[PDB]
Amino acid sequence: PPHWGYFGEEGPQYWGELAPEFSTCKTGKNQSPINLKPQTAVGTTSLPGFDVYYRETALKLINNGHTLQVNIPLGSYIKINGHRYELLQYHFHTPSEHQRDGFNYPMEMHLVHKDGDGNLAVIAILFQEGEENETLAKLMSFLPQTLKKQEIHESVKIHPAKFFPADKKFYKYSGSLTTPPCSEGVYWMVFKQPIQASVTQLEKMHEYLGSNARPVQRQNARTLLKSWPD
């Protein structure tokens, strides 16, 4: 499996050309992220919402070269209309990958879920500058200084739903992974409301991660849904 990254010949424009297994990055018509345009988004009257069943667990953390990833032990899940997906992990992007009207946010966060058949559901949370984020602060104390370590902290418990915004409105669309092999068939939900982190918090995250965001992909035939009515 070839090396890929966010700059140069390895960068996002060349992903689809790096190896046969990566080709969807270039040939897919339902890719993520997308530019989110609220004016263009379609209101709904019965879009399924989701129920969160996350349990408190020791912090397992890794800088895998492409992102900072928190690995979740089996036992946490969501239910989208009674359909159950297991929380596998969450990780971070600086700057954000999704845009609002063509503008990036300073940071984006992805909570990755999978069901029994291999189906993926992702919850995306956007950050903007503002109040210090206490939940983020717990995490940042333990940023790994080593690449590709797994770094366990038994006594640190962070509930991932602490990162959820107060407003529960979200956008939903059918998309893909934003990293190779860019697999499609991903159920995306993106919270409308960004949460806040401090400027110095956002800066340290960016300094740590570098720029690890994929450029926005064409919406094509897809409809962007709102979870509330117009």
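The first residue of the shown sequence is 1; numbering continues from there.
Trainee: Going by the mean C-alpha B-factor recorded in the entry, which is higher: 218-226 or 16-24?
Mentor: Higher mean C-alpha B-factor in the PDB entry: 16-24.
Trainee: Mean C-alpha B factor from the entry: is it higher for 142-150 or for 100-108?
Mentor: Looking at the record's C-alpha B-factors, the answer is 142-150.
Trainee: Tell me, please, which of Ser46, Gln69, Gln196, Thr200 has the highest C-alpha B factor according to the deposited entry?
Mentor: By C-alpha B-factor in the record, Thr200 ranks first.
Trainee: What's the residue among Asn63, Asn35, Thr40, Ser32 with the greatest CA temperature factor in the PDB record?
Mentor: Most elevated C-alpha B-factor of the set, per the entry: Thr40.
Trainee: Looking at the C-alpha B-factor of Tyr77, is it in the lowest, middle or highest third of its chain?
Mentor: Its C-alpha B-factor belongs to the middle third of this chain's values.
Trainee: Using the temperature factors of the C-alpha atoms in this entry, rank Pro180 within its chain: lowest, middle or highest third.
Mentor: Its C-alpha B-factor, which the entry lists for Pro180, ranks in the highest third among residues of this chain.
Trainee: Sorting the chain's CA B-factors, does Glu131 end up in the lowest, middle or highest third?
Mentor: For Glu131, the deposited C-alpha B-factor lands in the highest third.
Trainee: C-alpha B factor of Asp117, ranked within the chain: lowest, middle or highest third?
Mentor: Highest third.
Trainee: Sort the modelled residues of this chain by their C-alpha B factor and say whether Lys169 lands in the lowest, middle or highest third.
Mentor: Tercile = highest for this residue's CA B-factor.
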